[PDB]
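This is entry09.txt (compact mmCIF, C-alpha atoms).
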```txt
# COMPACT_ATOMS: atom_id res chain seq x y z
CA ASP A 1 -2.11 -12.80 -26.44
CA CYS A 2 -3.16 -12.84 -22.78
CA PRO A 3 -1.56 -14.62 -19.81
CA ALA A 4 -2.50 -18.28 -20.17
CA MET A 5 -4.56 -18.51 -16.98
CA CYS A 6 -6.24 -15.06 -16.97
CA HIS A 7 -9.02 -13.19 -18.78
CA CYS A 8 -8.58 -10.16 -21.04
CA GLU A 9 -11.23 -7.46 -21.38
CA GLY A 10 -9.85 -4.76 -23.66
CA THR A 11 -6.71 -3.51 -21.90
CA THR A 12 -7.89 -5.02 -18.62
CA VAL A 13 -6.27 -8.22 -17.44
CA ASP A 14 -8.17 -10.27 -14.90
CA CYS A 15 -6.23 -12.95 -13.05
CA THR A 16 -8.47 -12.87 -9.97
CA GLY A 17 -8.97 -16.06 -7.99
CA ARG A 18 -6.58 -18.12 -10.12
CA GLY A 19 -4.52 -19.25 -7.11
CA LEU A 20 -1.40 -17.51 -8.39
CA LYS A 21 1.81 -17.67 -6.36
CA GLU A 22 3.70 -15.24 -8.56
CA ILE A 23 2.63 -12.67 -11.12
CA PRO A 24 2.47 -14.01 -14.73
CA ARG A 25 5.59 -12.94 -16.59
CA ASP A 26 3.85 -12.42 -19.94
CA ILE A 27 1.56 -9.49 -19.29
CA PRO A 28 0.73 -7.58 -22.52
CA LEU A 29 2.64 -4.32 -23.03
CA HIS A 30 -0.60 -2.33 -23.22
CA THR A 31 -2.47 -3.39 -20.07
CA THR A 32 -4.17 -0.52 -18.28
CA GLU A 33 -5.76 -2.40 -15.38
CA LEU A 34 -4.17 -5.45 -13.76
CA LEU A 35 -6.41 -7.43 -11.43
CA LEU A 36 -4.65 -9.99 -9.27
CA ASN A 37 -7.24 -10.15 -6.52
CA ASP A 38 -7.79 -13.30 -4.47
CA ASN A 39 -4.54 -15.06 -5.23
CA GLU A 40 -1.81 -16.52 -3.07
CA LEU A 41 1.05 -14.20 -4.05
CA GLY A 42 2.66 -13.69 -0.63
CA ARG A 43 4.67 -10.53 -1.29
CA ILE A 44 5.57 -8.20 -4.14
CA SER A 45 8.87 -9.15 -5.75
CA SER A 46 11.44 -6.67 -6.97
CA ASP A 47 12.01 -7.76 -10.57
CA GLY A 48 10.72 -4.50 -11.95
CA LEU A 49 7.76 -5.76 -13.97
CA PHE A 50 5.68 -2.79 -12.93
CA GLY A 51 8.17 -0.19 -14.06
CA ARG A 52 7.97 -2.08 -17.35
CA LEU A 53 4.24 -1.74 -18.04
CA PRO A 54 4.09 1.92 -19.19
CA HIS A 55 0.29 2.01 -19.42
CA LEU A 56 -0.62 0.46 -16.07
CA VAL A 57 -2.70 2.94 -14.08
CA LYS A 58 -4.65 0.68 -11.69
CA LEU A 59 -3.29 -2.36 -9.86
CA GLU A 60 -5.35 -4.59 -7.59
CA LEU A 61 -3.76 -7.03 -5.19
CA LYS A 62 -6.49 -7.43 -2.58
CA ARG A 63 -6.82 -10.50 -0.38
CA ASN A 64 -3.42 -11.99 -1.23
CA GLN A 65 -1.92 -12.77 2.17
CA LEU A 66 0.75 -10.16 1.45
CA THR A 67 3.18 -9.73 4.32
CA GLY A 68 5.55 -7.37 2.54
CA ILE A 69 6.91 -5.76 -0.63
CA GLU A 70 10.54 -6.14 -1.74
CA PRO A 71 12.53 -2.86 -1.92
CA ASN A 72 12.52 -0.89 -5.19
CA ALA A 73 9.67 -2.97 -6.62
CA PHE A 74 7.78 0.08 -7.91
CA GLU A 75 10.84 1.80 -9.31
CA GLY A 76 10.16 3.24 -12.74
CA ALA A 77 6.40 2.89 -12.29
CA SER A 78 5.42 6.58 -12.31
CA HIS A 79 2.40 5.55 -14.37
CA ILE A 80 0.43 3.79 -11.61
CA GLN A 81 -2.30 5.92 -10.03
CA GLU A 82 -4.36 3.47 -8.03
CA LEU A 83 -3.12 0.69 -5.76
CA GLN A 84 -5.53 -1.65 -4.01
CA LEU A 85 -3.75 -3.43 -1.19
CA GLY A 86 -6.71 -4.01 1.11
CA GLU A 87 -7.11 -7.16 3.22
CA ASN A 88 -3.51 -8.35 3.37
CA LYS A 89 -1.06 -9.09 6.17
CA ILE A 90 1.39 -6.18 6.15
CA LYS A 91 2.68 -5.16 9.59
CA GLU A 92 5.40 -2.59 8.92
CA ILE A 93 5.86 0.04 6.26
CA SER A 94 9.41 0.60 5.02
CA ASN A 95 10.56 3.78 3.26
CA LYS A 96 11.94 2.01 0.15
CA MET A 97 8.55 0.35 -0.33
CA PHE A 98 6.55 2.91 -2.33
CA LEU A 99 9.61 4.51 -3.92
CA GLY A 100 8.79 5.58 -7.46
CA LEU A 101 5.05 6.14 -7.22
CA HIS A 102 5.05 9.95 -7.27
CA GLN A 103 1.97 9.98 -9.55
CA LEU A 104 -0.09 7.63 -7.41
CA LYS A 105 -3.31 9.35 -6.33
CA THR A 106 -4.92 6.50 -4.42
CA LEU A 107 -3.55 3.99 -1.94
CA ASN A 108 -5.72 1.50 -0.13
CA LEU A 109 -4.15 -0.28 2.83
CA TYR A 110 -7.46 -0.89 4.52
CA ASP A 111 -7.52 -3.85 6.94
CA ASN A 112 -3.89 -4.91 6.93
CA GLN A 113 -1.85 -5.23 10.15
CA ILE A 114 0.18 -2.04 10.02
CA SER A 115 1.24 -0.91 13.49
CA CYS A 116 4.32 1.23 12.76
CA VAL A 117 5.43 3.50 9.90
CA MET A 118 9.10 4.24 9.15
CA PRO A 119 9.93 7.97 8.68
CA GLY A 120 9.94 9.19 5.09
CA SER A 121 7.85 6.25 3.87
CA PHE A 122 5.10 8.35 2.25
CA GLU A 123 7.17 11.37 1.15
CA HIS A 124 7.98 9.75 -2.19
CA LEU A 125 4.26 10.16 -2.97
CA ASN A 126 3.82 13.71 -4.26
CA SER A 127 0.33 13.17 -5.73
CA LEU A 128 -1.48 11.19 -2.99
CA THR A 129 -5.06 12.44 -2.47
CA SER A 130 -6.62 9.32 -1.02
CA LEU A 131 -5.08 7.11 1.66
CA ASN A 132 -7.13 4.36 3.24
CA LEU A 133 -5.64 3.25 6.55
CA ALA A 134 -8.74 2.01 8.35
CA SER A 135 -8.72 -1.24 10.38
CA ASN A 136 -5.04 -0.93 11.12
CA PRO A 137 -3.64 -1.42 14.64
CA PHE A 138 -1.34 1.59 14.69
CA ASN A 139 1.00 1.63 17.68
CA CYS A 140 0.80 5.23 18.81
CA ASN A 141 4.05 5.81 20.67
CA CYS A 142 7.22 7.91 20.24
CA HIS A 143 7.94 6.00 17.00
CA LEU A 144 4.85 7.23 15.12
CA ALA A 145 4.94 10.81 16.41
CA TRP A 146 6.43 12.00 13.13
CA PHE A 147 3.66 10.30 11.13
CA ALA A 148 0.83 11.92 13.08
CA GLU A 149 1.99 15.42 12.16
CA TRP A 150 2.39 14.19 8.58
CA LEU A 151 -1.30 13.37 8.13
CA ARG A 152 -2.55 16.67 9.52
CA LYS A 153 -0.08 18.35 7.18
CA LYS A 154 -0.70 16.81 3.78
CA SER A 155 -4.37 17.10 4.76
CA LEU A 156 -6.37 14.11 3.58
CA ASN A 157 -9.49 12.19 4.59
CA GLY A 158 -7.22 11.44 7.53
CA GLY A 159 -6.90 7.89 6.25
CA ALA A 160 -9.53 6.87 8.82
CA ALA A 161 -6.47 5.65 10.72
CA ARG A 162 -6.89 4.94 14.42
CA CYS A 163 -4.60 3.94 17.28
CA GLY A 164 -4.76 0.29 18.25
CA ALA A 165 -2.15 -0.12 21.00
CA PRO A 166 -1.85 2.68 23.59
CA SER A 167 -4.85 1.55 25.69
CA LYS A 168 -5.60 5.16 26.62
CA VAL A 169 -5.57 6.59 23.10
CA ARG A 170 -6.94 3.35 21.62
CA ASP A 171 -9.51 3.69 18.83
CA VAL A 172 -8.68 7.40 18.65
CA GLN A 173 -7.78 9.13 15.38
CA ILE A 174 -4.01 9.53 14.99
CA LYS A 175 -4.58 12.99 13.50
CA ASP A 176 -6.75 13.89 16.50
CA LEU A 177 -3.75 13.53 18.81
CA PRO A 178 -0.97 16.06 19.41
CA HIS A 179 2.54 14.66 18.98
CA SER A 180 2.78 15.55 22.66
CA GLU A 181 0.67 12.50 23.58
CA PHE A 182 2.65 10.35 21.18
CA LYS A 183 5.11 9.03 23.70
CA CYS A 184 6.39 5.50 24.16
CA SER A 185 7.80 4.28 27.50
CA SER A 186 8.60 0.86 28.99
CA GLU A 187 9.38 -0.13 20.38
CA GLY A 188 8.23 0.35 16.81
CA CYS A 189 9.99 -1.18 13.81
```
For the structure just supplied, provide its representation as C-alpha cells.
Amino acid sequence: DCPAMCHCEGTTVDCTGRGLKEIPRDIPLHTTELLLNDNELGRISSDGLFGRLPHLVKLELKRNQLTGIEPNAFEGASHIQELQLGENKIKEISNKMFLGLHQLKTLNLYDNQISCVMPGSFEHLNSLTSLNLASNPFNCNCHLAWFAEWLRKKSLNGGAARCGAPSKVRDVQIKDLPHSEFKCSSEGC
C-alpha cells in the first residue's frame, strides 16, 4: 500500500508536484520521509496525522503557498527531526505552532514572509541546532526585542535572519543589534 497518487521508495513517500490540496489520509504507518513538495496545500491542518506517524523523521512541505499552521498540529510528533518549510507565505509565527517538536533539530523557514515572532514560539524546541530564517522581512521594533536576545542566547548559525522594516537597521542581522535599538514608535502581531 501507498497513497493512490504518490510514489513509494522504501519508507519514503513522494507526493511532490501532485497538486494536492490536503495531505493524503492513508499514509503507511512506517513512513520515514514524507515529501509533499510543490503542492497546493494552503496550511497545515490540526487533525493530528503527524503525531500519528511514529517513524516520521523528515517532512518536506516546500513551495506550498502555506500561509499558516493550525494550532496543536504537531502535538505528539516528538519523532520529527527535520522540517522543510521554505518558499511559503507565512507572515506571523504563533507560539502554539511548533508545540510538540522538542526533538526537531532542523527548521527551514527560508524565504517566507515572516515579519514578527510571538514570544515563546521557539522555546518548545529543546533540540534545535539549525534554523534557517533567511529572506524574511523581520520587523525589528519593540515587538521583536525579546527574539533578538533569544538568537544570541541559544547560539546558532544566527538563522541568517535580517531586519526588513526599520529603514535604518534594514538588511542588518537581528543578532547584530542590541535590544536597545529594538524600539518601535509611531505594531507587530
Which residues of segment 48-124 of chain A come within 12 Å of segment 36-43 of chain A, and what is each one's closest atom pair and distance in Å (one decimal), counting only C-alpha atoms, sorted by chain and residue number, as a Markdown table?
```
| residue | atom | partner | partner_atom | distance |
| --- | --- | --- | --- | --- |
| A:58 | CA | A:36 | CA | 10.9 |
| A:59 | CA | A:36 | CA | 7.8 |
| A:60 | CA | A:36 | CA | 5.7 |
| A:61 | CA | A:37 | CA | 4.9 |
| A:62 | CA | A:37 | CA | 4.8 |
| A:63 | CA | A:38 | CA | 5.1 |
| A:64 | CA | A:40 | CA | 5.1 |
| A:65 | CA | A:42 | CA | 5.4 |
| A:66 | CA | A:42 | CA | 4.5 |
| A:67 | CA | A:43 | CA | 5.9 |
| A:68 | CA | A:43 | CA | 5.0 |
| A:69 | CA | A:43 | CA | 5.3 |
| A:70 | CA | A:43 | CA | 7.3 |
| A:71 | CA | A:43 | CA | 11.0 |
| A:73 | CA | A:43 | CA | 10.5 |
| A:83 | CA | A:36 | CA | 11.3 |
| A:84 | CA | A:37 | CA | 9.0 |
| A:85 | CA | A:37 | CA | 9.3 |
| A:86 | CA | A:37 | CA | 9.8 |
| A:87 | CA | A:38 | CA | 9.9 |
| A:88 | CA | A:42 | CA | 9.1 |
| A:89 | CA | A:42 | CA | 9.0 |
| A:90 | CA | A:43 | CA | 9.2 |
| A:97 | CA | A:43 | CA | 11.6 |
```
- Message: Residues within 10 Å of residue 100 of chain A, please, as a PyMOL selection string. Count all atoms listed in the file; anything in the same chain fewer than 6 positions from it doesn't count.
- Response: chain A and resi 51+72-80+124-125
Suppose we keep C-alpha atoms; can you now write the selection as an mmCIF file, in the frame of the given file?
```cif
data_model
loop_
_atom_site.group_PDB
_atom_site.id
_atom_site.type_symbol
_atom_site.label_atom_id
_atom_site.label_comp_id
_atom_site.auth_asym_id
_atom_site.auth_seq_id
_atom_site.Cartn_x
_atom_site.Cartn_y
_atom_site.Cartn_z
ATOM 1 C CA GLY A 51 8.170 -0.190 -14.060
ATOM 2 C CA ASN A 72 12.520 -0.890 -5.190
ATOM 3 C CA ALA A 73 9.670 -2.970 -6.620
ATOM 4 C CA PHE A 74 7.780 0.080 -7.910
ATOM 5 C CA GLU A 75 10.840 1.800 -9.310
ATOM 6 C CA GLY A 76 10.160 3.240 -12.740
ATOM 7 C CA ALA A 77 6.400 2.890 -12.290
ATOM 8 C CA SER A 78 5.420 6.580 -12.310
ATOM 9 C CA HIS A 79 2.400 5.550 -14.370
ATOM 10 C CA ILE A 80 0.430 3.790 -11.610
ATOM 11 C CA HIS A 124 7.980 9.750 -2.190
ATOM 12 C CA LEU A 125 4.260 10.160 -2.970
#
```
Quick one: 5 Å padding each side, axis-aligned, all listed atoms of segment 134-138 of chain A - centre and edge lengths in Å to one decimal, as AutoDock Vina command-line options?
```
--center_x -5.0 --center_y 0.3 --center_z 11.5 --size_x 17.4 --size_y 13.4 --size_z 16.3
```
- Message: Give me the residues near residue 158 of chain A as number ranges by chain, where near means some atom within 9 Å (using only C-alpha atoms) and where sequence neighbours in that chain fewer than 3 positions away do not count.
- Response: A: 130-133, 151-152, 155, 161, 173-175
- Excluding residue 154 of chain A and any residue of its chain fewer than 6 positions from it, enumerate the residues within 10 Å of it, using all atoms listed in the file, and give them as an MDAnalysis selection string. chainID A and resid 123 126 128:129
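Between atom CA of residue 53 of chain A and atom CA of residue 110 of chain A the separation is 25.4 Å.
Residue nearest residue 143 of chain A within the list A:185, A:157, A:32, A:95: A:185 [criterion: smallest interatomic distance, all atoms listed in the file].
Residue nearest residue 13 of chain A, chosen from A:35, A:145, A:114, A:107 and counting all atoms listed in the file: A:35.
Here the question is which of A:105, A:81, A:33, A:24 gets nearest to residue 10 of chain A using only C-alpha atoms, and that residue is A:33.
Put simply, atom CA of residue 159 of chain A is 6.5 Å away from atom CA of residue 134 of chain A.
Separating atom CA of residue 120 of chain A from atom CA of residue 104 of chain A is a distance of 16.1 Å.
The smallest atom-to-atom distance between residue 118 of chain A and any of A:103, A:186, A:46, A:94, using only C-alpha atoms, is found for A:94.
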- Message: I need every residue sitting at most 6 Å from the point (-2.0, -2.4, 8.2) (coordinates as in the file, all atoms listed in the file considered), written as a VMD selection string.
- Response: chain A and resid 90 to 91 111 to 114 136
